[PDB]
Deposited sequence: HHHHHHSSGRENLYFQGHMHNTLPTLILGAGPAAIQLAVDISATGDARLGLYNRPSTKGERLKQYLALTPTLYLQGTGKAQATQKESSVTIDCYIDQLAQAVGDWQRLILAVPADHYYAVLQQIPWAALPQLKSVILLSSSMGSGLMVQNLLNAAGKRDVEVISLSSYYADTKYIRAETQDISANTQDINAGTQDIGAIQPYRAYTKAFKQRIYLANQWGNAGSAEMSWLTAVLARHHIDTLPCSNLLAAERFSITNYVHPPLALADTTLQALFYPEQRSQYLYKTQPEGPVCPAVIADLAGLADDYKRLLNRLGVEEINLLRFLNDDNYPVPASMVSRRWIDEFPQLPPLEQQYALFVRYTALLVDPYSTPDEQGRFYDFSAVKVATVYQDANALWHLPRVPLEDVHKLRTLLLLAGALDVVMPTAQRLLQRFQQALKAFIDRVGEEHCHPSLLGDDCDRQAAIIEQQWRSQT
């Protein structure tokens, strides 16, 4: 029965604690957990070897369907070469820009009963990429499921304790066949239905991944000139990601980039055979709504046919209305690790990787994305200037390269094969 399948969760961020409780609440399944040997991973590795129990609390509205819970972990590993045995479901709970690096380390031959791979918070192209790797390992039978985003808001640091403040209202998902009635899809639905989360099946993996909010919203905000300056000059007074100038990036040019990047993704998706979303309807009706006195229902329903300038006005009004807890989101800065090496924070590092992969894919398909190109040009120039200030020898290698090129190639190969 699918709600008893031994399940290995790859990545032990706070979402994995919520997820683990949700699986254990839905059936009696053996649960495995992986986390890289960071300092946090090591402390959780030590803790679990003593008491293999994670703890979760529901908070605010989430308390309606999530109370104090505990869940047992039957196996914990910190090396993916140890991801072996009778596991039948892998769930990728690492960020999407790390799926490739993770999947390349899994010894697929040592997972003879593997049935499904779930992408907990996907990006556009994630599913095609994962299909391609699995097909190369002789795992074409395995069901690949992309979820449009993680289904909650969950936070820690005691690394075995988390709390969930809120659940999303809906998640879009799909497997590579567009088969809505699969046992795994039914299982996921049951898992999410415990928190009143609707599940909406899509025709293919990309047709679900297109509903990843952060691909639309983060790059314009996080890669604005003033946000990049806060990021790379850590001594400035803090900026806030969703506030208007001069406290944060929101302003007409930034909103123009938000609208233009949505235009770019429509171009890319359409080329890939996938319909574009209605960005404003998605933001308002699937994520966080604002009063109709600010953003009219006409603006929402007709957004894709509105002229650019009216699209922009509507989006500026939306983000203004939002701030009346978006106003608390700070812009994180570059930072040094224990070896004194400089890092980028996950915003924008993850967003740059996700968008670069898609920009490289678009170029391979003869699709121009001028807003995406402008955004990454601006980031890359600021990053180069930062590396020169601090010295390349003092930068973590993540600042100096990535494997977006190989990913775009893999995604292109898989898509053309269909």
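Unmodelled regions of the deposited chain, listed from N- to C-terminal end, are 1 to 18, 175 to 198, 367 to 379, 474.
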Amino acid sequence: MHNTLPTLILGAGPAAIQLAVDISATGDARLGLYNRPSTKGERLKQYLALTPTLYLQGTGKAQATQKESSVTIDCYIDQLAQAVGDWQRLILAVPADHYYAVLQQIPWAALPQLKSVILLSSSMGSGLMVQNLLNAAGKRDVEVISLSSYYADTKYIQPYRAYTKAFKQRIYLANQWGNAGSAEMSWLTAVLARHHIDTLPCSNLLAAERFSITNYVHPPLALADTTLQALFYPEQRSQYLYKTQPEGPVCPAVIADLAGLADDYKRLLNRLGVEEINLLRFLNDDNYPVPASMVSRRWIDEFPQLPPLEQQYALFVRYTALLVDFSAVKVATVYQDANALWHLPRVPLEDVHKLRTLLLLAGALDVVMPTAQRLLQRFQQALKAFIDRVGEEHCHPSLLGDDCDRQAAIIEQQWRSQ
From here on, numbers count along this sequence of modelled residues.
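Stretch comparison (305 to 313 versus 234 to 242) by mean CA B-factor in the PDB entry places 234 to 242 on top. Per-stretch averaging of Cα B factors for 85 to 93 and 164 to 172 places 164 to 172 on top. Within the selection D225, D198, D264, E143, the deposited Cα B-factor values reach their highest point at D198. Reading the B-factor column for the CA atoms of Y150, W342, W108, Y100 in the entry, the top value corresponds to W342. The PDB entry assigns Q414 a C-alpha temperature factor belonging to the lowest third of its chain's modelled residues. Looking at the C-alpha B-factors along this chain, the one for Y319 belongs to the lowest third. In the deposited entry, the Cα temperature factor of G138 places it in the lowest third of its chain's modelled residues.
Ranked within its chain, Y47 lands in the highest third, by CA B factor from the PDB record. In this PDB entry, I118 carries a Cα temperature factor that places it within the lowest third of its chain's modelled residues.
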